[PDB]
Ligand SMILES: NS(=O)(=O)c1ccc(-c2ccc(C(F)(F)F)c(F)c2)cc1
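This document starts with one chain, in the form deposited without this ligand, laid out as structure tokens.
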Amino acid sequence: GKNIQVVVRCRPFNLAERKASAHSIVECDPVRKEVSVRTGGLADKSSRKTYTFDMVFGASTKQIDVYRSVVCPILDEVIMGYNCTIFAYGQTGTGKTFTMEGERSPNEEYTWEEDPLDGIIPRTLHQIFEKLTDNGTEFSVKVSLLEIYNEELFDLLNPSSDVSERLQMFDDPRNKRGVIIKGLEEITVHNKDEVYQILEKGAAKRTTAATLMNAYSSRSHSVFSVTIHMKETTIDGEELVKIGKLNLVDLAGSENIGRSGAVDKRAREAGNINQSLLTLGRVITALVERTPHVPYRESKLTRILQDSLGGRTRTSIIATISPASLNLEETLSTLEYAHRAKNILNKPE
């Protein structure tokens, strides 16, 4: 089913990897939607595995390419009144956060909205304001940013929370698929430029969080949500009301998720964070295969996203990998995970 998409983004070789003279073991064919990884020893050319996805982005792919292929078709649905999710999944250091958030280009050269290094979040907020303005619709934008760490929920947008008070999740009595997270702060964004300070405060609150908690931000899931209340009036009479929602999910690093058949796999995958990643896999698979049992309850992440994941929706996963020999096992495990989420057969060579 086309409503759930799985894509892979390979990042360029970094400086660490080039100074270790790491080998480049990954090949991405965009046209064939294939990613092939040399799986064997230093000299073994013959030995390679191939996987097929909805899309594949090689190392020269820029932020804009990712946004237009993956994001923009989804944003169209959100603005049409739906509730949609995009995940970034992958080993620590592979670009989950670069993809979701992005970076500032050097010197002064860009307004934040025009910076080509922008990731999904800034691009999305920019487009919501620009597009709804051009359409003449009346709208408002609200945002919240929830972090998940050791099963505890944290609001990163609460200035006065300060800091590490945990929120409380309840089933929503008025929504069978919904939860209410008690005291989660949804900030209203009156003017597009305000997101910058809101999120800059979020980052400082996030930096603080790292100073007390163990391996924070590699082990945490971050859920950014934008809700848009929109009102249009048609040519003849009608006032029209729609609520769209977009979840942008930067997942805990996948480094301890094993490939199948791995020696120590159970031991490595122990702990709440690793199991939440696996639970998510199960939910996605069950949604793709359309099996009746989809286990949303077995993690906090999937309880929070159930409402989005289970409706008339678009859901994409961006699986980020390193090109390097330093990363081989983690890259293969990421591809296996992505492949298990949505099973796409290799086309004939």
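One-based numbering along the sequence shown.
The same protein has a further form, the form solved in complex with this ligand, not shown here; the description that follows concerns it.
Figure legend: unbound chain with this ligand modelled from its position in the deposited bound form by local C-alpha superposition. Site blocked, with three or more ligand atoms within 2.4 Å of backbone or C-beta atoms. Within this chain, residue 338 lines the site of this ligand in the deposited bound form, having a heavy atom no more than 4.5 Å away. In the deposited bound form, residue 305 stays away from this ligand, with no heavy atom inside 4.5 Å. Contact between residue 83 and this ligand in the deposited bound form is not found at the 4.5 Å heavy atom cutoff. The shortest heavy atom separation between residue 278 and this ligand in the deposited bound form is within 4.5 Å. Just one listed stretch, out of 132-140, 270-278, 75-83, 234-242, contacts this ligand in the deposited bound form at the 4.5 Å heavy atom level, and that stretch is 270-278. Among the residues 251, 148, 226, 71, the one placing a heavy atom within 4.5 Å of this ligand in the deposited bound form is 251.
Contacts between stretch 305-321 and this ligand, counted in the deposited bound form as any heavy atom lying within 4.5 Å, involve 317, 319, listed in sequence order.
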